[PDB]
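Read-outs throughout are calculated quantities, based only on the coordinates presented, and are distinct from any laboratory measurement. A quick note on method: Cβ atoms are made from the backbone with ideal geometry, for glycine too, and the neighbour counts reach across all protein chains shown.
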Amino acid sequence: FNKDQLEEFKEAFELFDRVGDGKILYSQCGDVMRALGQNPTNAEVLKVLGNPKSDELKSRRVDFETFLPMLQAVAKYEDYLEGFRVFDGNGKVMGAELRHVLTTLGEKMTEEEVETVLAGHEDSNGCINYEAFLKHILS
Amino acid sequence: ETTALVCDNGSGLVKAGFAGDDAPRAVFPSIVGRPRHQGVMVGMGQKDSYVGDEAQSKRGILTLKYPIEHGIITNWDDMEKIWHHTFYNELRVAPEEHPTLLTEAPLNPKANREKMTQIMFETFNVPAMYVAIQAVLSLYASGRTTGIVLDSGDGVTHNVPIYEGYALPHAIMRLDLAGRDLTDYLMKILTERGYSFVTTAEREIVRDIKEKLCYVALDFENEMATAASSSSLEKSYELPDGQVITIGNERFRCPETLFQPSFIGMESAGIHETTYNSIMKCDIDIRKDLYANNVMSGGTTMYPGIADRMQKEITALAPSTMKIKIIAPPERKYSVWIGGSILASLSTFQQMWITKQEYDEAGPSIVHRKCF
Amino acid sequence: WXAXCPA
Amino acid sequence: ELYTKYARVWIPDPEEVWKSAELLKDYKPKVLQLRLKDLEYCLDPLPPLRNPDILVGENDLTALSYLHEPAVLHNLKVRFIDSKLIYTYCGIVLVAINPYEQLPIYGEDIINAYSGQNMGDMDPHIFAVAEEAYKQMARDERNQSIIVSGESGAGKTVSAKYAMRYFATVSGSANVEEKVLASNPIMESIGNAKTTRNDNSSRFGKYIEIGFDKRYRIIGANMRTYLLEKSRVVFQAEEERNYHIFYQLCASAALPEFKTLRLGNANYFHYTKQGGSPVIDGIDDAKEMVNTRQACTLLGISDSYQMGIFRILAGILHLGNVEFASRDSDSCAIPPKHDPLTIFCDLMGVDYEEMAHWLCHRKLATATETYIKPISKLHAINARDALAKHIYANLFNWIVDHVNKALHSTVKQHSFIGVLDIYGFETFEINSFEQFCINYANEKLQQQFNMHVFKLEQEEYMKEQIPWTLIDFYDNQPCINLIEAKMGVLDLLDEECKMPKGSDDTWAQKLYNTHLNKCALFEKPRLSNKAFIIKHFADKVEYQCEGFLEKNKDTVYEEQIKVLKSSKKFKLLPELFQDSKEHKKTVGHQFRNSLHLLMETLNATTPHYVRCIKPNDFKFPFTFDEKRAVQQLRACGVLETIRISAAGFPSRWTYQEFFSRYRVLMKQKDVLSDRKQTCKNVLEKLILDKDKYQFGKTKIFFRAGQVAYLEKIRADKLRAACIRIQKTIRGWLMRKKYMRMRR
Ligand SMILES: Nc1ncnc2c1ncn2[C@@H]1O[C@H](COP(=O)(O)OP(=O)(O)O)[C@@H](O)[C@H]1O
Ligand SMILES: Nc1ncnc2c1ncn2[C@@H]1O[C@H](COP(=O)(O)OP(=O)(O)O)[C@@H](O)[C@H]1O
Ligand SMILES: [Mg+2]
Ligand SMILES: [Mg+2]
């Protein structure tokens, strides 16, 4: 990262400081990485965080300078499409099945998170055009 | 399945039937008749010989030979005739399908077994054969496994002790006093009352007298005095022609010769004293169980009183403490056959049979070695 | 028999 | 090899035959360790491996990817306890587990849903095998047998009754069930008995034919019986009763009619006395005949004949009490008067002096002559108890004929379908001639089972055009031959019944002499002459020679039976006999004969099979004990079937269902767009060697492990795709939520 990038990232980081000490929580680190264009898993975030314990994840605060190496380390379509085509060959995906797998497999999400990402993209049958939805979620 | 045949070559009566039966299906005397007289009526049917029950009917016109004498088979062609009649006419069975079991007196000449076997394999081609001692069969017939067996037929008397199924061969005694030589003595004593019986077919008439009238005196001299005193013993019989004949103290005098072989002029002692002198040869341990298990076998034993005379008179010989018991079931005439029907039906027996291949390999010498 | 008796 | 951390295995335990572990560190070639809460598990010259959950719920024991006693038992237990389902399929054989509670499932909409469908399409149910019979009989003229088998509690009669309810309900009208079901209170009464390990036990073999019209409707039913245990009538082991009907009858005696029969109390009679157990808790025998007689009347056994039957049973009861005194070592007599003989003779209308004479003596005749022997006290007691057994057997065959008269119809049957209830292979810790017979019959039945299953698998192979040589089975003919053949165990027993003095000591000694080293399957117990051991297919089992002979023996003297057949007092007693060498035959030879007739009855049909396992000794509803269930599943040859099917190819998959499940693994470029060839293309990537999987016209045949392997790789790909999707979605969702809310 160059000085300009570091300045933009610091400004964004300060927008994420909800406590005023110029720091974020470990548990916010993943959110900040995602806001800056990275897509780490929660597992990857905890790994780059050093597998923190619950207490420091929820209350230990770090400034931009300590967060930055982790963002760097994380930073340094056809699979995504086939992954969605797993749950399909008419270019659709059931809304119910995507909801079920996202709330029951992997790093399970809430029904509200899935509704939020899925809002306005599913039709009356409960089918998702996955090429358009995928382009949308990758934008 | 298969059923064995069981055949008993008594001197007087052939007895035959299938194994597993409880009674023989054929009995007929072992008698062979030949025409005696010049055959006049051309167009009569002239059979060259009559066998068995046929010869009974026609006896007036025949000479009746017995092919068995004192349990030795004395001329073999007529014996073959008897077995041929037995299998084909009496049982109506082909011997080639059916194994056969045969029966013999204990000491009789060793050649007899060889020849009797040879005739069965060569002439009849029986699948398998065996030979059993009569005294052995009578134990199967009476349902016990320790016995002294006193067995007397037309031709032979013999004693064999058996203890827990071990026969004891040195123990064994044989006499040639039997139903036939009772009959012959009965002729000579009937002559005292002035009746004369000279001929074979007529000898059978004497034998029928002996079977109907005789009995054993429970005291010989006391009943002899009683019969001298009174008519009461004397009793009446009928010839075939209807001449009535009357018969006195003498009718017991034939059964008395069993117990006094001196009358016929034998060397030996009578049946009771040979039974005792047989037991005396046995090892002292067993004797207590022989004295209980006396078994009487064969039709000469059939006269009334012979059980009670046997028990009384042998008690005089045996020491007082040992209870004598004598066992005389009413069917003992058959019992040698009944016990051979038992023996021939055992699953363990099936390995014993002398088989056709094994005979062909050995030749008749095998009959001594394997059979006993 | 063959000796001591007739059969 | 596979064993990893967080895999599962089954380990043995006294208290439940298999229990589960997780693996604590990966196996490398020594002793293992496990979590349950650790011990090192000793290994000796491997453990089993435990299926993934997705299989274990499922309906068919071949569907399991690992086949072994732990997996089978666990599957059956989760199905029974958690899923509340009892019926399950093993190979061709249905298995049934007694729920001992009653369930909606038999309702008529279920019957309609099953009608005209197959094994696979529908969940295992007793109806489904009846539908198999009903379809088979319309494929082929061939008659169909259905066979129901298990220890006495397990539910066999009730399963037969449901198979009949099924056939009658699908048939449409023509009304058989009412009669057939009404028969059973009679048959259970004459033919069932109480034994040390349960209270109602069928001591015969029970058969039904349903006949069909040329166009299929039920026309009528015809019933048969085999292997009746005649010996129970006269001889009873500790705490065990003879047939219920005697106890019902004795407990009736205070009723007005039976006074004429002068029945004493239930213990009073020598044939009831022997068990020392004159009452069953919860069963009021005095009430139960009110049902029995109701069933006779409803079936049309005349009110006269009912009293004839009870008069005959009273006859036998009185007969048994009748006791000789020895005059002599050689002979006995009935005493100067013996009371109960009078009551016998006045029940059946015979001269006391005639029964007195013929009981004491026997007649033997060559037709020119006749002779009478006095007979021993022992042989007189054997003769009495054989006359008792012969009467009872003839009565039972008559009651079954008059039953059948009501059940026939005269219109020609096109084809029957046949349902069979028989006792299963059985081991008790005192064993006697009754168990020897029951085990020998279960040998014949299982030889027939094994050979049929082997044939059906050869058919299924040729039907899928695959090589055959692997096919294998257990051959029990060398064990049958030990029981059956000449100089076998039965044949020496029947010999010694003849042999002039014969005893359970000398018989055993004969067995040791001939058999002792000449076969593996016969063995002596180390510490007794009196017992011997037979290695039956289910188990090594040990029998006591004591009291075989007294049970072995029937001989029914022609004189006594003539005297009975003379009597005029009432219709039935002459009617029994009217219809020889058969009087001579021992019980064992009559048993062999009846068993041959049973195998002639079942051969020239095609079987279908049910097995019934008793879940627990103590009548606890809808609960289970692994320790019994294993002992049942071994005696049923279920474990043999399962083991031998595992050694080969257990698993069947349609290409349609394979693609339907595992398109998840596919790539669209890799989709050739016809399922069979697409999967034939794909599969080689995933599994090393064709020896371990095969291809047929319709079916894939895997070796055992490969289903669990596939399910694992399916899970892996599913997780990978899900984690990708979730990670991307979480990233732009986080951006959307904090930025748009901050905006
Ligand atoms: N009631 C009877 N009393 C006395 N002797 C009899 C009687 N019936 C038959 N016998 C005799 O039985 C003898 C035949 O005995 P048996 O044992 O049949 O000889 P085998 O068995 O050697 O042919 C004949 O002498 C015959 O007269
Ligand atoms: N499938 C079932 N549904 C409901 N109850 C059953 C079932 N199987 C058995 N039972 C209960 O268990 C009892 C014992 O089974 P039953 O068929 O009477 O014994 P048997 O095997 O001697 O015929 C039945 O009478 C019934 O009460
Ligand atoms: Mg004789
Ligand atoms: Mg039942």
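Arrange A:100, B:98 by Cβ neighbour counts within 10 Å, fewest through most, would you?
In order of increasing Cβ crowding within 10 Å: A:100, B:98.
Would the protein assembly as shown count as rounded, prolate or oblate if I go by the C-alpha gyration tensor, calling it rounded below 1.5 in a/c and otherwise prolate when a/b exceeds b/c, oblate otherwise?
Because a/c hits 1.5 or more and a/b exceeds b/c, the protein assembly as shown counts as prolate.
For the range B:231-302 and the range B:52-75, what is the separation of their C-alpha centers, rounded to whole Å?
25 Å
Taking Rh as the Kirkwood radius computed over C-alpha pairs, what is the Stokes-Einstein D of the range A:78-137 at 10 °C in a medium of viscosity 1.306 mPa s, expressed in µm² per second?
It diffuses with D of about 136 µm²/s by this estimate.
Based only on Cα atoms, what Rg/Rh ratio does the range A:2-77 have, Rh being taken as Kirkwood's radius?
Rg divided by Rh gives 0.94.
Would you mind working out the magnitude of the charge dipole of the range B:29-69 relative to its Cα centre, with +1 at each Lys and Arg C-beta and -1 at each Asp and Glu C-beta, to the nearest 20 Debye?
For the range B:29-69, the charge dipole is close to 140 debye.
Under 15 Å between alpha carbons, and skipping anything fewer than 8 positions from residue D:619 in its own chain: which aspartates and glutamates qualify?
D:101, D:151, D:199, D:281
Which of D:33, D:233, D:425 sits farthest toward the positive end of the charge dipole of chain D, with +1 on the Cβ of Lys and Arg and -1 on the Cβ of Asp and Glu?
The listed residue farthest towards the positive side: D:33.
Please state the charge dipole magnitude for the range A:78-137, taken about the Cα centre, from unit charges on C-beta atoms (+1 on K and R, -1 on D and E), reported in debye and rounded to the nearest 20.
Here the size comes out at about 100 debye.
Rounded to the nearest 500, what is the protein assembly as shown's calculated 222 nm mean residue ellipticity when only DSSP H runs of at least 4 contribute -39500 (n - 2.57) each, over all residues?
Calculated mean residue ellipticity at 222 nm is -13500 deg cm²/dmol.
If you rank B:334, D:243, D:543 by fewest surrounding Cβ atoms within 10 Å, what's the result?
Fewest-to-most Cβ neighbours within 10 Å comes out as D:543, D:243, B:334.
If each residue's Cβ is checked for other Cβ atoms within 10 Å, how do D:330, A:79 rank with the fewest at the top?
Arranged by neighbour count, lowest to highest, D:330, A:79 become A:79, D:330.
Quick one: check the C-alpha center-to-center distance for the range A:89-136 versus the range D:661-694, whole angstrom.
So the separation of the two Cα centres works out to 28 Å.
Could you point to the residue in B:156, B:26, B:231 farthest towards the positive end of chain B's charge dipole, with +1 and -1 charges on the Cβ of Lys/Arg and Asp/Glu respectively?
Selected residue: B:231.
Which percent of Cα pairs goes in each bin when the distances of chain B are cut into 20 angstrom slices starting at zero?
The percentages, shortest bin first, are 27, 55, 17, 0.
Looking at D:216, D:722, D:292, which one has the Cα that reaches farthest to the positive end of the dipole of chain D (charges on Cβ: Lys, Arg +1; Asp, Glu -1)?
It is D:722, whose Cα lies furthest towards the positive end.
Going from the alpha-carbon gyration tensor of the range B:183-271, what semi-axes, largest first and in whole Å, does one get by taking the root of 5 times each eigenvalue?
Its equivalent ellipsoid spans semi-axes of 22, 18, 10 Å.
Straight-line reach from residue B:370: which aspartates and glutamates have Cα under 12 Å away, leaving out those fewer than 8 places along the same chain?
Reachable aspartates and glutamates: B:358.
How large is the charge dipole for the range B:183-271, taken about the Cα centre, if only the Cβ atoms of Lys, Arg (+1) and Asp, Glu (-1) carry charge, to the nearest 20 debye?
That gives a dipole near 80 debye.
What is the Cα radius of gyration of the range D:96-147 over 2.2 N^0.38 Å, N being its residue count?
Dividing the Cα radius of gyration by 2.2 N^0.38 Å gives 1.26.
In the structure displayed, which of D:28/D:685; D:206/D:551; D:156/D:412; D:259/D:337; D:84/D:444 lie more than 28 Å apart, Cα to Cα?
D:156/D:412; D:84/D:444
Starting from one equal scatterer on each C-alpha and no solvent at all, send me the Debye-based log10 I(q)/I(0) for chain D at q = 0.05, 0.09 Å⁻¹, two decimals.
-0.34, -0.94
If the cut-off is a Cα-Cα distance under 16 Å, which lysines reach residue B:312, setting aside same-chain residues fewer than 8 apart in sequence?
B:323, B:325
How would you order D:531-540, D:142-151 from highest to lowest mean count of nearby Cβ atoms within 10 Å?
My ranking of the peptides, most packed first, is D:142-151, D:531-540.
If you build a Gaussian network model of chain B, linking Cα atoms that sit under 10 Å apart, which residue out of B:78, B:360, B:22 swings the most?
The residue with the greatest mean-square fluctuation here is B:360.
Counting alpha carbon pairs within less than 8 Å and at least 6 residues apart, what relative contact order, in whole percent, applies to chain B?
Worked out over chain B, it gives 20 percent.
If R0 is 60 Å, what FRET efficiency do you get for residue D:741 and residue D:656 from their C-beta distance, rounded to 0.05?
0.75
For peptide D:361-369, compute the average count of partner chain beta-carbon atoms within 10 Å of each residue's beta-carbon.
4
Is the shape of the range B:26-109 best called rounded, prolate or oblate, per the rule: a/c under 1.5 gives rounded, else a/b larger than b/c gives prolate, else oblate, with a ≥ b ≥ c the square roots of the Cα gyration tensor eigenvalues?
oblate
Determine by what factor the alpha-carbon radius of gyration of the range B:29-69 differs from 2.2 N^0.38 Å, reporting the quotient.
Dividing the Cα Rg of the range B:29-69 by 2.2 N^0.38 Å gives 1.18.
How many angstrom separate the Cα center of the range B:136-155 from the Cα center of the range D:260-335?
If we compute the Cα centre of each part, the gap is 43 Å.
For chain B, set up a GNM with springs between Cα atoms under 10 Å and report which of B:294, B:89, B:125 has the largest fluctuation.
Looking only at B:294, B:89, B:125, the biggest GNM fluctuation is shown by B:89.
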